[PDB]
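One structure is given below, encoded as structure tokens.
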Amino acid sequence: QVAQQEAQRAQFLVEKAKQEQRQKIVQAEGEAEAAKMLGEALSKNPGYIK
Amino acid sequence: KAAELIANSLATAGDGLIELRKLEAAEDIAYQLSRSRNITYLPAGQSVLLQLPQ
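From first to last, the protein sequence lines are chains D and E. The entry's author numbering puts the first sequence at residues 1044 to 1093. The entry's author numbering puts the second sequence at residues 1361 to 1414.
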């Protein structure tokens, strides 16, 4: 009984770790794209950036 | 865009208008940095009863 609980927990932790890593990459790429987009958007003349 | 509009308004508005816009914005910032309040408070009195003599 105890062992099973432990095993499930272990898997749980690892899976979550993977999820966490994925989320972080996604955010980084998201901001990345946001940056590029904002920069492009600045096409509205420099008053826009200001 | 807000910049653009403000700048346009400011320009028509002249220098004086930007100046005071600066002041009230400064007001906002100053408030932001220090946002707190207080009350003087005047405590109420607690009561008890005594039996007055005849």
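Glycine included, each C-beta is placed from N, C-alpha and C at the ideal position.
Beta carbon of residue i nearer than 9 angstroms to that of residue j
| i | j | result |
| --- | --- | --- |
| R1381 (chain E) | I1366 (chain E) | yes |
| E1364 (chain E) | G1073 (chain D) | no |
| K1361 (chain E) | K1067 (chain D) | no |
Cut-off 8 angstroms between Cβ atoms - residues of its own chain near residue i, not counting five sequence neighbours on either side
| i | result |
| --- | --- |
| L1377 (chain E) | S1369, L1370 |
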